């Protein structure tokens, strides 16, 4: 099915050296995309690139700090110079910080906003600058269940992801007319290392299973279909949507 094929396209996935970003990058590569691996640690990025190459994927290392405008600008300039077009941007980079709001230092709030929200804006804007003259491109922002429903102790993350949902709509509002589709994925509770602490908590584990209609956690590879869909011609008239991949959790009391 050509409509899901990504051959001839290049995807930059931020924070793809590990975790969900890597699982999505891997799935995009299987669908045919060349992959630009990104992460803060150059050595960790390089290791992930070699592993992608070892299984026959076309991959390049594009390490940069997603909170640094100058590094973002220089990374895209370097890509321009090598003749590498970024056709698909997945804004996956982001951190979590657990603390009740009355105990939350403004500096930590700010770090979560910068890493999750401002990063997506800066990187999205740089990608779009080049996609616009080409007349096509895909932007896939990674939100969260907290883009819509709040949870105690994760306020700055919740706010940043709520911002990401609206950033997605703002991107569609301005860029859809130029043939660019900006959409989002909202992962539910996934079996991934960032969640290991939650997964290890028997009470939290029980809550996830009782709160989710599917009665189970999601696996990281279960984000791949949605990521491929939103990166492929299959979603050419889809714009400004956030698709939750959460076993039904957001849909029910």
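Residue numbers count along the first chain shown, from 1.
Averaged over their C-alpha atoms, the temperature factors of 94-102 and 116-124 are higher for 94-102. Comparing the deposited coordinates for 197-205 and 48-56, the stretch with the larger average C-alpha B-factor is 197-205. Looking only at 39, 225, 213, 186, the residue with the top Cα B factor in the deposited structure is 213. Per the PDB record, residue ranking by Cα B-factor puts residue 130 in the middle third of the chain.
Annotation for residue 82: CA B-factor lies in the highest third of the chain's modelled residues. Per the PDB record, residue ranking by Cα B-factor puts residue 221 in the highest third of the chain. Annotation for residue 176: C-alpha temperature factor in the middle third relative to the rest of the modelled chain, per the entry.
Per-chain ranking of the deposited C-alpha B factor places residue 239 in the middle third.
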